[PDB]
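Heads up: the structure comes next, in structure tokens.
Number of protein chains: 2
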Amino acid sequence: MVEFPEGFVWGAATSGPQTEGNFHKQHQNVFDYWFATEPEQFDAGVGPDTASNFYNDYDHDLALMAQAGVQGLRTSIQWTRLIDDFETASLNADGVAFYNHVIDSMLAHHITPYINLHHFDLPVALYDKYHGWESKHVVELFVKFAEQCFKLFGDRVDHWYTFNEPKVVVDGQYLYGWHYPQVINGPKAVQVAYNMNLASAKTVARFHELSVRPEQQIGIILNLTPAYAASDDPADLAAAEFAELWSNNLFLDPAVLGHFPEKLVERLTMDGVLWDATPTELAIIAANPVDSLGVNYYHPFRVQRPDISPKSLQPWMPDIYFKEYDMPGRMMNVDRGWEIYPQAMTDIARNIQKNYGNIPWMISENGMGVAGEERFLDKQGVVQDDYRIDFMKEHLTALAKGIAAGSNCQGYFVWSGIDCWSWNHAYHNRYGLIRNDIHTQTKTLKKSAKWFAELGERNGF
Amino acid sequence: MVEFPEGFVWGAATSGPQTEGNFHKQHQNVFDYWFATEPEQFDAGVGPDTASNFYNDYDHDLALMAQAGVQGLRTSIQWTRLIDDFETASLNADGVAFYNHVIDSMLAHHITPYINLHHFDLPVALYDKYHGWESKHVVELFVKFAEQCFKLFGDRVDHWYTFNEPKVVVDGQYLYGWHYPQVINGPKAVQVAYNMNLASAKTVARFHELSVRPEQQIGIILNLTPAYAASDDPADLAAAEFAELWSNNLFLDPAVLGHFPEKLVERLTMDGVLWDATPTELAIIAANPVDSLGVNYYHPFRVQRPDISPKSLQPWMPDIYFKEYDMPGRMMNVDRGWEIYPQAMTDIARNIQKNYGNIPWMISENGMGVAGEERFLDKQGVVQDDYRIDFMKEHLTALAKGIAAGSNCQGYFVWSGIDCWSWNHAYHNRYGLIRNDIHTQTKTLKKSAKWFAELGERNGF
């Protein structure tokens, strides 16, 4: 009734920081330090020190994911676990040993590894010493960490990603207080977006200098969620224009086309907040676009005119040009606060096909987070998460229309395999096909896990 | 808006004698002896013995030059420091170690070495024993010295020069009294100019027999300022034609074309002052042209007829055919007594392009000297030397339009990187991107140093 291309990958996505726990980890990332000093900023004071116990229980957790139909698992390597000295990227022997264990264990459970290098987990010491992603020297230290990952694990990992959602690092660390250091500074944010695009292009370049087999490829993972104008009012259309350039093109265009979006550069310049770039850096970005795209999609983005004129006396923010809009009658993931709009999948697919060379891409994250899932347990402690199955069906239906129209989508990864630690929200909302009882770290397939395994067997539903 | 070829080298120029100091040097060059016996001939009694302390401070000095944007550094090895016995070019172990330290330090700071073999520093013992450059035996001893440099340092130096401006040695030692021994004798000057051309050619032959890598190449550094005639009257046109042949073709033609300028030798012959040359020597000159050209430009050269007839009874001098002329309305460096005329660089570029097979060449010196620069210190001890930036801006604009017309210019070297000892003028005028407080040997980047680094980054301005 709804079928998918031959070879389509059915996978799951997590990250190191949200699964491993902090057991024996050498360095604190910014979230580790945030929790150590202000535990009250986290749901129930549950931080990342244990998370979903993946450091200790990886082998059996991978077996459960394989049970759940996870043919590919995408997670991340922590800079703060792998590296001893950041300046030279010397190696923490115990951390290298741990990532070889989980990659080997993925293979033994017949899971294809997809390895992302960075997922919101900047080392706090590099923020204290250089201001983190503001520093083009920190950019270089990142590339040297990437180089080690490629040399250590490239022999049995084909599929890599530089970053998960750099835009969330920019927004979170420098615009809205979501991430420690909670800086609130538009111009810095512009430089950080620049610096992270540059780090990604420099990592792509080093990846291909070091690759040995043709099937090795490196990509990036972004939100491509479209900006719908609230109305056809010119002021709402103009707000949606800028929201689109700034939330999507800022990263999509340099990663895939090789250059920054022309209209955005012009607006940033006119406002006096343009990044500092050099011709040599821009040439690196132009010469090393990603091999593939990971699309994270959860909810649409709707936007109307700003309440006050953008020429008002205020600190510069991208938000001076647009304000978020609530559509009456929207479908809502309420205990979460997000709109549910599957059709955006189709728009994204068409946009990639028409405007971005129909580059090979995957849905790298799609999922629904729900609170208090103990209420939906049945007589055997199996969460009856039909809502999650229906949510997956609605978005997969939309995806398949994009594919039949000709968009080069090659896989679908659910967020997430096993309930994992959702930053300051901790375990308030669950996303997994597999429930984790975090008091005992005992995990059990949900109803959606068996549906997912069957979806992969029939390559459809 | 003014841009340069890809690969363009942004560099700085100095010399051994003007930077090192005489710390532990085995031999006196002619300037050393001259300061030791008549220190009253040097500005403020400041001599060569400490200079800018490069012998003791080279590593930090190079680090400072690297942050000033010095991509290649051109300096010189002293005959009087490297060599123990001149007759066999046996080695002084401490001198060898010193120059390996310097060269290694350059590569460690990512500065490409450009090594010149001679910069006005004839060993004084060789003047006393053979009358120096008048002696073809001394020519042979220079070649034995050069051979040693190539063998010692050829493994990690690609770019060489035989001489910095032999013309200044001819002029200074044998015409106008600028250099000890201060001989005033036209006929000897003519022989010394022949001998040094021969010494350069023999050194080029020795270089290529010893070369290991195709990248290795050796040139000569000349001043090629054109002789602008004061007017169109034939007496003025005649004066300028000879001034051109004498001050430029005398060295350019044998160095690049492999033969001497015929209308010049004809006049030296008719005046009975021609050098003594053998056919075998002339064969060496023709068989070993240079691989490249270093051009020194500072100010134009304007010329009018001589006040009396060249037939008058008087000692033969090149000047009997021309007199320098001062053009009304000239743009002046009124403190230093130099006219500013950046258009001459465009003329040089065109002459090399049209008449010397567009041989690869660089601006090996260009710069502006200013006295009493403490007048422009900020509150943090940084010279505000905007005049120097504008000087560079004007000459680089002229340089670029020569490159646009097709001239094969590949680099631009500032005189100088660090303030250095300008012979009898000592430290009266400062040329550097980097100030030296000569009493303490404490060096500080000037404003122009920051403006030189960014220029290298844009490869333009």
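Protein chains in written order, with the numbering used here: chain A, 1 to 461; chain B, 1 to 461. Backbone N, C-alpha and C define an ideal beta-carbon position, used for all residues, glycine too.
Per DSSP, cross-strand counterpart(s) of residue i
i, result
"residue 9 of chain B", "B:411"
"residue 217 of chain A", "A:159"
"residue 444 of chain A", "A:435"
"residue 301 of chain B", "B:227"
"residue 123 of chain A", "A:29"
"residue 430 of chain B", "B:370"
"residue 363 of chain B", "B:295, B:412"
"residue 331 of chain A", "Answer is none; residue 331 of chain A lacks a bridge partner."
"residue 383 of chain B", "B:377"
"residue 75 of chain B", "B:115"
"residue 338 of chain A", "A:333"
"residue 3 of chain B", "B:460"
"residue 324 of chain B", "B:303"
"residue 418 of chain B", "B:434"
CB contact below 8 Å: residue i versus chain A
i, result
"residue 209 of chain B", "no"
"residue 459 of chain B", "yes"
Where residue i falls, given that 16 or more other Cβ within 10 Å makes a residue buried
i, result
"residue 184 of chain A", "exposed"
"residue 189 of chain B", "buried"
"residue 308 of chain B", "exposed"
"residue 287 of chain A", "exposed"
"residue 175 of chain B", "buried"
"residue 270 of chain B", "exposed"
"residue 106 of chain A", "buried"
"residue 345 of chain A", "buried"
"residue 357 of chain B", "exposed"
"residue 379 of chain A", "exposed"
"residue 44 of chain A", "exposed"
"residue 313 of chain B", "exposed"
"residue 331 of chain A", "exposed"
"residue 311 of chain B", "exposed"
"residue 327 of chain A", "exposed"
"residue 457 of chain B", "exposed"
"residue 550 of chain A", "For residue 550 of chain A there is no data in the structure shown, the boundaries of chain A being 1 and 461."
"residue 294 of chain A", "buried"
"residue 73 of chain B", "buried"
"residue 191 of chain B", "buried"
"residue 261 of chain B", "buried"
"residue 25 of chain A", "buried"
"residue 123 of chain A", "buried"
"residue 253 of chain B", "buried"
"residue 81 of chain A", "buried"
Beta carbon proximity, residue i to chain B, threshold 8 Å
i, result
"residue 278 of chain A", "yes"
Write down every uninterrupted run of the alpha helix (DSSP H) in the stretch 87–118 of chain B whose length is 4 residues or greater and which is fully enclosed by it, in chain order.
-> The qualifying runs are 93–108.
Whole alpha helix (DSSP H) elements within the stretch 130–177 of chain A, 4-residue minimum | You should have 136–153, 166–174.
Mind listing, in chain order, the continuous alpha helix (DSSP H) runs of no fewer than 4 residues lying wholly within the stretch 249–287 of chain A?
-> Counting whole runs of 4 or more residues, the stretch 249–287 of chain A contains the alpha helix (DSSP H) stretches 262–270, 279–287.
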